[PDB]
């Protein structure tokens, strides 16, 4: 045997525990200190290519959503020259990184996970709160738990993947080499989860790829924090290039490179489609066929059957619809309620609604949710609330007020539609706006079909019911309406390794980050067969 293959080991990981932040607790004190550390501060965040900090003339600012007078970061957009230089340098670093043992690459992410878990936790939480407007618990489940879990679980999945080997029969030995993709990957991340940015850039890097990471403008502060932690954890230069940029410019540049091998995208449907078309237009230029991965949002439902637990419906719906101001691709924005339960549910929703506190998440930990992300989001939500007032089929039951004088503040809003096909039942708002449709109990089956057919999306959904037969029926009927389906729980809050996340229809390519197969999109395997005996004649015995 001329090729010697070293045995592969296993890795033990578990989900990162969620902290409680009780009064007087070390994590609460640490977080308050980290928040104080950001008050009045603006970080100047450069593009990073290799180890070089680069500034262009295209200066941009990230504002604190709940206090937009506070510029939390000054950054810049990479120009096309810098993006191309970043590509060249990444490509020149790629072969060495790809040849590194999987275990050695995994170690970088395991180190980073430990840093985030401990000494850097308060920092990434605070930067996510101040820069993206998250409350303590929303930052904790995101910038700490989910990001840490992505890093640890993907490391486990990747190390274990090398143990997936083919059959060998004499006189030959077969081995699969899990190559990174030949070229570079473009990672394009969204504002709403710090963890997503880390995963979009980090997972391909783990698999031996090199990456140009364009982070979200409105999440720049936390994103750079994560980038620095990766570098400190031992990520070599030119493996992930930190290149904020104008979206169209970035897409134009990466899709014009013969060396593009993948785009890992989370964001709007039209932008993903645009990139898909650009790659198609440029097919004859590429050295290989680029792999596009996209997660693209939803119009997610909570469906209530007459047998539902009312209290669970209420609390689960309030959380799903309004946590982080409803700015989740998984947030519930349509609630279907049977007539029989509407009196109870409506009463309870309105009462609980009046107790929801909207405000500054850094100064007041009593805050349930804070301002929406930016002026553009605020303007869009304003238009939908105006639509609700104008539309004869819509009625605002609670909330409906807004104020952008200090932050981009929007009250949680509950709207009733008499029309199950109203535009507000179909279009993703990405704001704290829940629409309710009340259906006659005996039409629950017909209404389940409407849940399935009304929107273009297939991301998340929940059924609330205590009747087993009903749960089985609804589970069958709604099979393609939700890639993450919930029985008697809210439609948000997927946990890595427990609810791998993603959906189809217009919601994306459904590669299930958070599960064991996601990493397979970022490797292009090679199989090597070594034969240990001479071949013999070209003829076969049957020919004699």
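Residue numbers count along the first chain shown, from 1.
- Higher average CA B factor: 23-31, of the stretches 23-31 and 47-55.
- The PDB entry records a higher mean C-alpha B factor for 487-495 than for its counterpart among 487-495 and 513-521.
- Annotation for 149, 467, 79, 360: 467 ranks highest, by Cα B-factor.
- Across the options 379, 115, 144, 87, the residue with the most elevated CA B-factor in the record is 379.
- Residue 18: CA B factor in the middle third of modelled residues in this chain (values from the PDB entry).
- In this PDB entry, residue 63 carries a Cα temperature factor that places it within the lowest third of its chain's modelled residues.
- In this PDB entry, the Cα temperature factor of residue 123 sits in the middle third of its chain's modelled residues.
- Looking at the C-alpha B-factors along this chain, the one for residue 180 belongs to the lowest third.
- In the PDB entry, a CA B factor belonging to the middle third of its chain's modelled residues is recorded for residue 237.
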